[PDB]
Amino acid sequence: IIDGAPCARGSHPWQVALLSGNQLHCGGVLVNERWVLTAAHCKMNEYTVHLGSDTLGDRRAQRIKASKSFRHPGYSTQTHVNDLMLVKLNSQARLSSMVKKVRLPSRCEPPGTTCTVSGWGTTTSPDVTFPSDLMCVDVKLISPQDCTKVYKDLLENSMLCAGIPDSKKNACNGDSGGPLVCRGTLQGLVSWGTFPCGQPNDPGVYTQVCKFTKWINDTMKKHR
């Protein structure tokens, strides 16, 4: 997360981290006791899922293995369209004040809405600085029309753009798959942006969760 600050402790109980070799690989969100929602870009054969702590490396956190994942079939590595994946936990997440399900959206939030993106990704770019504590930043939803001026026809209607005018405030490598929350609901998953990160007036691009409700629910049902 670029130009943010540590999240208030206990305010992101639905946030998870996907680890590989005890290093941060991606962010993600807890959907229910069995399922993590993240970016299809985060695909691995095995995951170690961190839950229940704002601190990576915290002994108090749950560490659950996951051997099954399902990327949305429309996912493209060329264009990052349909950048979403469900990760099936090997054992159920044990819920508490530090481990809760995210509220999935019914509606899409309009452009101009204030949102919060969170993650353990680098706070500097190109030089890397991975924090221990979960970082937060407030961004605003940007219209597809304004976002098209920067990314042209690489943008699809399933993607959501967010940022602040003339600001470095954004998500970066490590935050991928993480949550963008607007008005109590999950509206996006960190997908892509420019590199180096935190370039002013280059919006962060997210998978627009409200367009993928049916697939999310059907997939969890199918692979229960």
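Position 1 is the first residue in the sequence shown; the rest follow in order. Under this definition, the rigid core comprises the largest set of C-alpha atoms superposing within 1.5 Å between the forms.
Is the larger C-alpha RMS shift in 8 other deposited structures of this protein, relative to this form with the rigid core superposed, found in 114-122 or in 140-148? It is 140-148 that deviates more in 8 other deposited structures of this protein.
Which of the two stretches, 16-24 or 209-217, moves more in 8 other deposited structures of this protein when the core is held fixed, judged by C-alpha RMS distance? Result of the core-fitted comparison in 8 other deposited structures of this protein: 16-24 deviates more.
Residue selected from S191, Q187, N170, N32 by maximal Cα B factor: Of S191, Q187, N170, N32, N32 has the highest C-alpha B-factor.
By the CA temperature factor listed in this entry, which of these ranks top: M85, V117, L134, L154? In this record, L154 carries the highest C-alpha B-factor of the candidates.
Sorting by Cα B-factor within the chain, modelled residues only, which third would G27 end up in: lowest, middle or highest? Lowest third, going by the recorded CA B-factors of the chain.
Modelled-residue ranking by C-alpha temperature factor, third containing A8: Its C-alpha B-factor belongs to the highest third of this chain's values.
Could you place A61 in the lowest, middle or highest third of its chain by Cα temperature factor, using the values in the record? Tercile = highest for this residue's CA B-factor.
With respect to C-alpha B-factor, does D166 fall in the lowest, middle or highest third of the chain as deposited? Its C-alpha B-factor, which the entry lists for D166, ranks in the middle third among residues of this chain.
Within-chain third of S125 by Cα B-factor, per the entry: Ranked within chain, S125 CA B lands in the middle tercile.
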